[PDB]
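The data block below is upload_39.pdb; it holds PDB, C-alpha atoms (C1' of nucleotides) and all ligand atoms.
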ATOM      1  CA  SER A   1       4.644-131.977 147.112  1.00  0.00           C
ATOM      2  CA  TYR A   2       6.076-131.475 150.639  1.00  0.00           C
ATOM      3  CA  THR A   3       4.113-133.028 153.464  1.00  0.00           C
ATOM      4  CA  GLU A   4       2.027-131.036 156.013  1.00  0.00           C
ATOM      5  CA  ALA A   5       2.342-131.983 159.707  1.00  0.00           C
ATOM      6  CA  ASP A   6      -0.118-129.711 161.506  1.00  0.00           C
ATOM      7  CA  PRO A   7      -3.128-131.833 162.623  1.00  0.00           C
ATOM      8  CA  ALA A   8      -5.260-128.652 162.796  1.00  0.00           C
ATOM      9  CA  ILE A   9      -4.960-128.535 158.995  1.00  0.00           C
ATOM     10  CA  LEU A  10      -4.911-132.219 158.272  1.00  0.00           C
ATOM     11  CA  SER A  11      -7.985-133.143 160.333  1.00  0.00           C
ATOM     12  CA  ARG A  12      -9.948-130.373 158.620  1.00  0.00           C
ATOM     13  CA  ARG A  13      -8.804-131.264 155.104  1.00  0.00           C
ATOM     14  CA  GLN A  14      -9.466-134.898 155.902  1.00  0.00           C
ATOM     15  CA  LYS A  15     -12.986-133.915 156.865  1.00  0.00           C
ATOM     16  CA  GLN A  16     -13.674-132.234 153.520  1.00  0.00           C
ATOM     17  CA  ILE A  17     -12.541-135.458 151.744  1.00  0.00           C
ATOM     18  CA  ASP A  18     -14.987-137.608 153.715  1.00  0.00           C
ATOM     19  CA  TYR A  19     -17.789-135.331 152.623  1.00  0.00           C
ATOM     20  CA  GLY A  20     -16.976-136.099 148.995  1.00  0.00           C
ATOM     21  CA  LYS A  21     -16.434-139.773 149.790  1.00  0.00           C
ATOM     22  CA  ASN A  22     -19.882-139.775 151.395  1.00  0.00           C
ATOM     23  CA  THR A  23     -21.653-138.969 148.120  1.00  0.00           C
ATOM     24  CA  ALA A  24     -23.179-141.742 145.986  1.00  0.00           C
ATOM     25  CA  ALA A  25     -21.140-140.455 143.038  1.00  0.00           C
ATOM     26  CA  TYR A  26     -17.877-141.303 144.761  1.00  0.00           C
ATOM     27  CA  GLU A  27     -19.187-144.790 145.602  1.00  0.00           C
ATOM     28  CA  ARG A  28     -20.193-145.147 141.931  1.00  0.00           C
ATOM     29  CA  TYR A  29     -16.780-143.680 141.077  1.00  0.00           C
ATOM     30  CA  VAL A  30     -14.538-146.194 142.799  1.00  0.00           C
ATOM     31  CA  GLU A  31     -16.910-149.028 141.807  1.00  0.00           C
ATOM     32  CA  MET A  32     -16.344-148.195 138.125  1.00  0.00           C
ATOM     33  CA  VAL A  33     -12.739-146.904 138.074  1.00  0.00           C
ATOM     34  CA  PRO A  34      -9.710-148.995 139.151  1.00  0.00           C
ATOM     35  CA  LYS A  35      -6.958-146.416 139.823  1.00  0.00           C
ATOM     36  CA  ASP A  36      -6.111-146.261 136.104  1.00  0.00           C
ATOM     37  CA  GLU A  37      -7.946-142.921 136.462  1.00  0.00           C
ATOM     38  CA  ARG A  38      -6.365-140.144 134.401  1.00  0.00           C
ATOM     39  CA  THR A  39      -6.921-136.453 134.725  1.00  0.00           C
ATOM     40  CA  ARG A  40      -9.859-134.651 133.085  1.00  0.00           C
ATOM     41  CA  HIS A  41     -11.403-138.486 135.888  1.00  0.00           C
ATOM     42  CA  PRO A  42     -11.963-136.200 138.943  1.00  0.00           C
ATOM     43  CA  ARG A  43      -9.336-136.892 141.592  1.00  0.00           C
ATOM     44  CA  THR A  44      -9.101-136.397 145.365  1.00  0.00           C
ATOM     45  CA  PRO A  45      -7.116-133.280 146.189  1.00  0.00           C
ATOM     46  CA  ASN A  46      -3.763-133.975 147.901  1.00  0.00           C
ATOM     47  CA  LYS A  47      -4.243-133.457 151.620  1.00  0.00           C
ATOM     48  CA  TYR A  48      -0.519-133.354 152.464  1.00  0.00           C
ATOM     49  CA  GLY A  49       0.374-130.784 149.799  1.00  0.00           C
ATOM     50  CA  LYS A  50       1.274-127.168 150.465  1.00  0.00           C
ATOM     51  CA  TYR A  51      -1.785-125.105 149.584  1.00  0.00           C
ATOM     52  CA  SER A  52      -3.217-121.781 150.741  1.00  0.00           C
ATOM     53  CA  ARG A  53      -6.624-121.633 152.457  1.00  0.00           C
ATOM     54  CA  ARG A  54      -8.640-120.230 149.534  1.00  0.00           C
ATOM     55  CA  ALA A  55      -6.439-122.517 147.442  1.00  0.00           C
ATOM     56  CA  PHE A  56      -7.306-125.904 148.918  1.00  0.00           C
ATOM     57  CA  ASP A  57     -10.957-124.946 149.433  1.00  0.00           C
ATOM     58  CA  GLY A  58     -11.221-124.015 145.772  1.00  0.00           C
ATOM     59  CA  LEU A  59      -9.944-127.475 144.877  1.00  0.00           C
ATOM     60  CA  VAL A  60     -12.594-129.044 146.993  1.00  0.00           C
ATOM     61  CA  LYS A  61     -15.288-126.854 145.409  1.00  0.00           C
ATOM     62  CA  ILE A  62     -14.327-128.155 141.975  1.00  0.00           C
ATOM     63  CA  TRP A  63     -13.864-131.666 143.288  1.00  0.00           C
ATOM     64  CA  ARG A  64     -17.368-131.907 144.796  1.00  0.00           C
ATOM     65  CA  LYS A  65     -18.968-130.329 141.714  1.00  0.00           C
ATOM     66  CA  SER A  66     -16.895-132.627 139.465  1.00  0.00           C
ATOM     67  CA  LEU A  67     -17.917-135.842 141.227  1.00  0.00           C
ATOM     68  CA  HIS A  68     -21.556-135.465 140.278  1.00  0.00           C
ATOM     69  CA  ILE A  69     -21.383-137.889 137.371  1.00  0.00           C
ATOM     70  CA  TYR A  70     -23.706-140.706 138.475  1.00  0.00           C
ATOM     71  CA  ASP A  71     -27.450-141.495 138.799  1.00  0.00           C
TER      72      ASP A  71
ATOM     73  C1'   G B   1      14.331-128.696 139.631  1.00  0.00           C
ATOM     74  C1'   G B   2      10.802-126.733 136.812  1.00  0.00           C
ATOM     75  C1'   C B   3       5.717-126.165 134.674  1.00  0.00           C
ATOM     76  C1'   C B   4       0.065-126.652 134.735  1.00  0.00           C
ATOM     77  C1'   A B   5      -4.502-127.357 137.813  1.00  0.00           C
ATOM     78  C1'   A B   6      -6.132-124.406 142.460  1.00  0.00           C
ATOM     79  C1'   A B   7      -4.996-119.811 144.731  1.00  0.00           C
ATOM     80  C1'   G B   8      -5.883-112.224 148.122  1.00  0.00           C
ATOM     81  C1'   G B   9      -4.386-113.973 153.802  1.00  0.00           C
ATOM     82  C1'   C B  10      -7.208-116.890 157.621  1.00  0.00           C
ATOM     83  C1'   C B  11     -12.140-119.148 159.951  1.00  0.00           C
ATOM     84  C1'   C B  12     -16.971-121.630 160.946  1.00  0.00           C
ATOM     85  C1'   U B  13     -21.062-124.927 158.690  1.00  0.00           C
ATOM     86  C1'   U B  14     -23.413-131.088 155.869  1.00  0.00           C
ATOM     87  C1'   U B  15     -27.772-124.620 153.147  1.00  0.00           C
ATOM     88  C1'   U B  16     -22.274-129.433 150.843  1.00  0.00           C
ATOM     89  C1'   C B  17     -22.879-129.111 142.434  1.00  0.00           C
ATOM     90  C1'   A B  18     -23.953-125.096 149.138  1.00  0.00           C
ATOM     91  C1'   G B  19     -24.230-120.927 152.794  1.00  0.00           C
ATOM     92  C1'   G B  20     -21.721-117.380 155.749  1.00  0.00           C
ATOM     93  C1'   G B  21     -17.972-114.069 158.740  1.00  0.00           C
ATOM     94  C1'   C B  22     -13.589-110.818 159.662  1.00  0.00           C
ATOM     95  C1'   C B  23      -9.070-108.502 157.438  1.00  0.00           C
ATOM     96  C1'   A B  24      -7.247-106.526 152.802  1.00  0.00           C
ATOM     97  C1'   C B  25      -7.331-104.196 148.072  1.00  0.00           C
TER      98        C B  25
HETATM   99 CA    CA A 101      -5.481-119.452 138.131  1.00  0.00          CA
END
Would you mind writing the file's structure down as structure tokens?
Ligand SMILES: [Ca+2]
Amino acid sequence: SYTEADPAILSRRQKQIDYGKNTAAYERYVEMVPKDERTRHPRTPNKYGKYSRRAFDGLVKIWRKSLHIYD
RNA sequence: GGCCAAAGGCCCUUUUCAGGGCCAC
């Protein structure tokens, strides 16, 4: 993917990532998975990539829903 | 390079496994 430079898009997309990193599922995710994480393994959406608005948001929707494997 | 995931174009919000607005069709 080809990097994004606009802070008005990066700061916002960074925000959405923190929200998912705030959850207890993400904290129970990193604590149990050491970057050998495959796909199918829910993965943080690439902030620097070239995505449309509805496009990146939709990846966050599925990311946040996907994270909820925990207790 | 290319292919898949995501994706109508943009925006706000911790109603956030969520809610909402305009434009378009
Ligand atoms: Ca699709």
Grab me every residue within 12 Å of ligand CA 101 (chain A), counting only C-alpha atoms (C1' of nucleotides) and all ligand atoms, and send it over as a PDB file with C-alpha atoms (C1' of nucleotides), keeping the file's coordinate frame.
ATOM      1  CA  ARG A  54      -8.640-120.230 149.534  1.00  0.00           C
ATOM      2  CA  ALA A  55      -6.439-122.517 147.442  1.00  0.00           C
ATOM      3  CA  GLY A  58     -11.221-124.015 145.772  1.00  0.00           C
ATOM      4  CA  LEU A  59      -9.944-127.475 144.877  1.00  0.00           C
TER       5      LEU A  59
ATOM      6  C1'   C B   4       0.065-126.652 134.735  1.00  0.00           C
ATOM      7  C1'   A B   5      -4.502-127.357 137.813  1.00  0.00           C
ATOM      8  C1'   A B   6      -6.132-124.406 142.460  1.00  0.00           C
ATOM      9  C1'   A B   7      -4.996-119.811 144.731  1.00  0.00           C
TER      10        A B   7
END
- Task: In Å, rounded to a single decimal, give me how far atom CA of residue A:12 is from atom CA of residue A:71.
- Result: 28.7 Å
Spatial neighbours of residue A:66, max dist 9 Å, only C-alpha atoms (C1' of nucleotides), sep filter under 5 positions, as a PDB file with C-alpha atoms (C1' of nucleotides), in the coordinates of the input:
ATOM      1  CA  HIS A  41     -11.403-138.486 135.888  1.00  0.00           C
ATOM      2  CA  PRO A  42     -11.963-136.200 138.943  1.00  0.00           C
ATOM      3  CA  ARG A  43      -9.336-136.892 141.592  1.00  0.00           C
ATOM      4  CA  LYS A  61     -15.288-126.854 145.409  1.00  0.00           C
TER       5      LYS A  61
ATOM      6  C1'   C B  17     -22.879-129.111 142.434  1.00  0.00           C
TER       7        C B  17
END
- Do you know which residues the PyMOL selection byres (((chain B and resi 10) around 9) and not hetatm) returns on this file, as a ChimeraX atom specification? /A:53-54 /B:9,11,23
Any chance you could work out the residue set of the PyMOL selection byres (((chain A and resi 13) around 12) and not hetatm) here, as a compact mmCIF listing (two decimals) with C-alpha atoms, in the coordinates of the input?
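Dumped to out.txt:
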# COMPACT_ATOMS: atom_id res chain seq x y z
CA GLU A 4 2.03 -131.04 156.01
CA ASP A 6 -0.12 -129.71 161.51
CA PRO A 7 -3.13 -131.83 162.62
CA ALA A 8 -5.26 -128.65 162.80
CA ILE A 9 -4.96 -128.54 159.00
CA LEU A 10 -4.91 -132.22 158.27
CA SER A 11 -7.98 -133.14 160.33
CA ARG A 12 -9.95 -130.37 158.62
CA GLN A 14 -9.47 -134.90 155.90
CA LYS A 15 -12.99 -133.92 156.86
CA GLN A 16 -13.67 -132.23 153.52
CA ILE A 17 -12.54 -135.46 151.74
CA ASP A 18 -14.99 -137.61 153.72
CA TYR A 19 -17.79 -135.33 152.62
CA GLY A 20 -16.98 -136.10 149.00
CA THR A 44 -9.10 -136.40 145.36
CA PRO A 45 -7.12 -133.28 146.19
CA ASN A 46 -3.76 -133.98 147.90
CA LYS A 47 -4.24 -133.46 151.62
CA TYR A 48 -0.52 -133.35 152.46
CA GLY A 49 0.37 -130.78 149.80
CA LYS A 50 1.27 -127.17 150.46
CA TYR A 51 -1.78 -125.10 149.58
CA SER A 52 -3.22 -121.78 150.74
CA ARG A 53 -6.62 -121.63 152.46
CA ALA A 55 -6.44 -122.52 147.44
CA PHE A 56 -7.31 -125.90 148.92
CA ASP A 57 -10.96 -124.95 149.43
CA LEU A 59 -9.94 -127.48 144.88
CA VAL A 60 -12.59 -129.04 146.99
- Item | Atom pair atom CA of residue A:69 / atom CA of residue A:39: separation (Å) | 14.8 Å
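Shortest separation to residue A:22 among A:35, A:62, A:67, A:5 occurs at residue A:67, atoms counted being all atoms listed in the file.
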- Item | Atom pair atom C1' of residue B:2 / atom CA of residue A:40: separation (Å) | 22.4 Å
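Comparing A:38, A:21, A:28, A:65 by their smallest distance to chain B, the closest is A:65 (using only C-alpha atoms (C1' of nucleotides)).
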Would you mind putting back N, CA, C and O atoms on stretch 10-27 of chain A, then writing it out as a PDB file, in the frame of the given file?
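Heads up, here's the output in out-v5.pdb:
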ATOM      1  N   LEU A  10      -4.690-130.923 158.874  1.00  0.00           N
ATOM      2  CA  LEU A  10      -4.911-132.219 158.272  1.00  0.00           C
ATOM      3  C   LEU A  10      -6.281-132.773 158.640  1.00  0.00           C
ATOM      4  O   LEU A  10      -6.968-133.323 157.788  1.00  0.00           O
ATOM      5  N   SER A  11      -6.686-132.623 159.899  1.00  0.00           N
ATOM      6  CA  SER A  11      -7.985-133.143 160.333  1.00  0.00           C
ATOM      7  C   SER A  11      -9.134-132.461 159.584  1.00  0.00           C
ATOM      8  O   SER A  11     -10.113-133.105 159.201  1.00  0.00           O
ATOM      9  N   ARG A  12      -8.983-131.159 159.366  1.00  0.00           N
ATOM     10  CA  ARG A  12      -9.948-130.373 158.620  1.00  0.00           C
ATOM     11  C   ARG A  12     -10.035-130.760 157.147  1.00  0.00           C
ATOM     12  O   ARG A  12     -11.121-130.942 156.602  1.00  0.00           O
ATOM     13  N   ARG A  13      -8.881-130.851 156.500  1.00  0.00           N
ATOM     14  CA  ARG A  13      -8.804-131.264 155.104  1.00  0.00           C
ATOM     15  C   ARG A  13      -9.232-132.715 154.953  1.00  0.00           C
ATOM     16  O   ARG A  13      -9.667-133.124 153.893  1.00  0.00           O
ATOM     17  N   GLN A  14      -9.075-133.509 156.003  1.00  0.00           N
ATOM     18  CA  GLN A  14      -9.466-134.898 155.902  1.00  0.00           C
ATOM     19  C   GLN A  14     -10.966-134.904 155.925  1.00  0.00           C
ATOM     20  O   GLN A  14     -11.596-135.664 155.197  1.00  0.00           O
ATOM     21  N   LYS A  15     -11.534-134.043 156.763  1.00  0.00           N
ATOM     22  CA  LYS A  15     -12.986-133.915 156.865  1.00  0.00           C
ATOM     23  C   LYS A  15     -13.603-133.668 155.492  1.00  0.00           C
ATOM     24  O   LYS A  15     -14.438-134.457 155.029  1.00  0.00           O
ATOM     25  N   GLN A  16     -13.162-132.594 154.837  1.00  0.00           N
ATOM     26  CA  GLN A  16     -13.674-132.234 153.520  1.00  0.00           C
ATOM     27  C   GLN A  16     -13.648-133.395 152.506  1.00  0.00           C
ATOM     28  O   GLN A  16     -14.547-133.508 151.676  1.00  0.00           O
ATOM     29  N   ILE A  17     -12.634-134.258 152.588  1.00  0.00           N
ATOM     30  CA  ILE A  17     -12.541-135.458 151.744  1.00  0.00           C
ATOM     31  C   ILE A  17     -13.626-136.500 152.054  1.00  0.00           C
ATOM     32  O   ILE A  17     -14.065-137.240 151.169  1.00  0.00           O
ATOM     33  N   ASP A  18     -14.033-136.586 153.319  1.00  0.00           N
ATOM     34  CA  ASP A  18     -14.987-137.608 153.715  1.00  0.00           C
ATOM     35  C   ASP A  18     -16.324-137.229 153.127  1.00  0.00           C
ATOM     36  O   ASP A  18     -17.085-138.083 152.656  1.00  0.00           O
ATOM     37  N   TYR A  19     -16.581-135.924 153.162  1.00  0.00           N
ATOM     38  CA  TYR A  19     -17.789-135.331 152.623  1.00  0.00           C
ATOM     39  C   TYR A  19     -18.007-135.709 151.159  1.00  0.00           C
ATOM     40  O   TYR A  19     -19.122-136.019 150.745  1.00  0.00           O
ATOM     41  N   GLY A  20     -16.930-135.697 150.386  1.00  0.00           N
ATOM     42  CA  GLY A  20     -16.976-136.099 148.995  1.00  0.00           C
ATOM     43  C   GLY A  20     -16.971-137.605 148.841  1.00  0.00           C
ATOM     44  O   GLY A  20     -17.448-138.123 147.837  1.00  0.00           O
ATOM     45  N   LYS A  21     -16.430-138.315 149.828  1.00  0.00           N
ATOM     46  CA  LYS A  21     -16.434-139.773 149.790  1.00  0.00           C
ATOM     47  C   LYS A  21     -17.761-140.308 150.311  1.00  0.00           C
ATOM     48  O   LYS A  21     -18.076-141.488 150.130  1.00  0.00           O
ATOM     49  N   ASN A  22     -18.534-139.430 150.951  1.00  0.00           N
ATOM     50  CA  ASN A  22     -19.882-139.775 151.395  1.00  0.00           C
ATOM     51  C   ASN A  22     -20.883-139.873 150.256  1.00  0.00           C
ATOM     52  O   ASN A  22     -21.762-140.723 150.286  1.00  0.00           O
ATOM     53  N   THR A  23     -20.736-139.007 149.256  1.00  0.00           N
ATOM     54  CA  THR A  23     -21.653-138.969 148.120  1.00  0.00           C
ATOM     55  C   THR A  23     -21.777-140.318 147.403  1.00  0.00           C
ATOM     56  O   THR A  23     -20.847-141.131 147.408  1.00  0.00           O
ATOM     57  N   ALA A  24     -22.934-140.542 146.783  1.00  0.00           N
ATOM     58  CA  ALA A  24     -23.179-141.742 145.986  1.00  0.00           C
ATOM     59  C   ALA A  24     -22.357-141.762 144.697  1.00  0.00           C
ATOM     60  O   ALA A  24     -22.113-142.823 144.119  1.00  0.00           O
ATOM     61  N   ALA A  25     -21.945-140.580 144.247  1.00  0.00           N
ATOM     62  CA  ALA A  25     -21.140-140.455 143.038  1.00  0.00           C
ATOM     63  C   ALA A  25     -19.740-140.986 143.266  1.00  0.00           C
ATOM     64  O   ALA A  25     -19.153-141.570 142.358  1.00  0.00           O
ATOM     65  N   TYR A  26     -19.199-140.781 144.465  1.00  0.00           N
ATOM     66  CA  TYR A  26     -17.877-141.303 144.761  1.00  0.00           C
ATOM     67  C   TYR A  26     -17.934-142.827 144.876  1.00  0.00           C
ATOM     68  O   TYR A  26     -17.027-143.527 144.406  1.00  0.00           O
ATOM     69  N   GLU A  27     -19.010-143.341 145.473  1.00  0.00           N
ATOM     70  CA  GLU A  27     -19.187-144.790 145.602  1.00  0.00           C
ATOM     71  C   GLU A  27     -19.399-145.454 144.239  1.00  0.00           C
ATOM     72  O   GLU A  27     -18.963-146.585 144.021  1.00  0.00           O
TER      73      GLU A  27
END
